[PDB]
């Protein structure tokens, strides 16, 4: 008698490949920490700078934890899970409004950081594909029916050369 709308999904959170330990091995802990540092400097120069701390202590605390996480996830020593514990990154991000644009700007900041620290080309794709896909899971505010944009490494490789 009355119309029926089928069950639906908004969008799929794609599978994410975490980087192998080769990334830690080829890049080294110090480059990885420097990567995260200039990623944050780009963020404070981006349209989403307001989501981030201004007090140099809070910021240093953030960078350190992000760097610990990145180093560990790239195959390094368990700096993060031994200090902060379980990752549960989607849940930890609920307290910050993250829409599709926010993810795209965050990615852009990482892209530039990767080039500016001269991240070794041979492990660049493995790192990129991780953050590109993983970042989709942090999105907690939707503003469009369209799915979050996929940005494959092939689309951006020329930028690194």
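Numbering follows the first chain given and starts at 1.
J.: Can you let me know which of the two, 57 to 65 or 42 to 50, has the higher average C-alpha B-factor in the entry?
T.: Between 42 to 50 and 57 to 65, it is 57 to 65 that shows the higher mean C-alpha B-factor.
J.: Split the chain's modelled residues into thirds by Cα B-factor; is residue 37 in the lowest, middle or highest one?
T.: As the PDB entry reports it, the C-alpha B-factor of residue 37 lands in the middle third of its chain.
J.: Where does the C-alpha B-factor of residue 25 rank in its chain, lowest, middle or highest third?
T.: Residue 25: CA B-factor falls in the middle third of its chain.
J.: Please place residue 82 in the lowest, middle or highest third of its chain by C-alpha B factor as given in the entry.
T.: According to the entry, residue 82 has a C-alpha B-factor in the chain's highest third.
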